[PDB]
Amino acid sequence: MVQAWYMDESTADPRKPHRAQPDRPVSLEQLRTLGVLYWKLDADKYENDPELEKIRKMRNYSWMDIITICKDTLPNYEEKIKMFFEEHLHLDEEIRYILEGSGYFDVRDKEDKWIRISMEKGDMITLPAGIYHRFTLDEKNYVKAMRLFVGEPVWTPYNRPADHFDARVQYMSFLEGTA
């Protein structure tokens, strides 16, 4: 099952697991209280998968593309990787479905503590508009992912602080309503 955990207090080597000690695992149920949703799929079938279609139709994910994060392949790699890992929010959902490889999505919990979510092949996640988050490769230094979007995409990150946005205000309001 998909693994997530509270992080330790080391700021070094962000691609390491950084598991809090003792272990403080985080469940999919706790992630849902943050508005973070998850589906498990057969990533070998991504070109033609009725199960992915069920999710895309339910959620109105009408747009997709594929991105490959690789030190050799990706244009403007070093700058893009830095922008992924700066703590930021978006005014839309961030939806990613991992097709190959792996990485970490970090999200803030209700007390603004970091939770690290380990995403591997077959894992699909949506991070709600307004949530503070970041992404890093793990020590294997490779991921291929499908990006999805509700309509034509706008990718703009707003690096924290970004508290004035309506999307952030509405998200804070959502958090009051969950466990």
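Numbering starts at 1 and follows the sequence shown.
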| request: Mind pulling up the entry and telling me whether 78-86 or 91-99 has the higher mean Cα temperature factor? | output: 78-86
| query | Per the PDB record, is the mean Cα temperature factor higher over 147-155 or over 64-72? | reply | 64-72
| query | Comparing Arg134 with the other modelled residues of its chain, is its CA B-factor in the lowest, middle or highest third? | reply | lowest
| query | According to the PDB entry, is the CA B factor of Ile117 in the bottom, middle or top third of its chain, that is, lowest, middle or highest? | reply | lowest
| message | Considering every modelled residue of the chain and its Cα B-factor in the PDB entry, is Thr126 in the lowest, middle or highest third? | response | lowest
| Relative C-alpha B-factor of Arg160, binned into the chain's lowest, middle or highest third | lowest
| task | Comparing against every modelled residue in the chain, figure out the third that the C-alpha B-factor of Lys40 lands in (lowest, middle or highest). | result | middle
